[PDB]
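Residue numbers (the authors' numbering): 1 to 27. One structure below.
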């Protein structure tokens, strides 16, 4: 669980809510 702009596709796989996950930021 993390907010928007906290990496989710570059290192992580998922966040807290509405996370598109891009390169270098979660959503």
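A virtual CB, placed ideally from N, CA and C, is assigned to each residue, including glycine.
Is residue j closer than 8 Å to residue i when the C-beta atoms are compared?
{"i": "residue 25", "j": "residue 6", "result": "yes"}
{"i": "residue 27", "j": "residue 8", "result": "yes"}
Which residues share a DSSP beta bridge with residue i?
{"i": "residue 22", "result": "25"}
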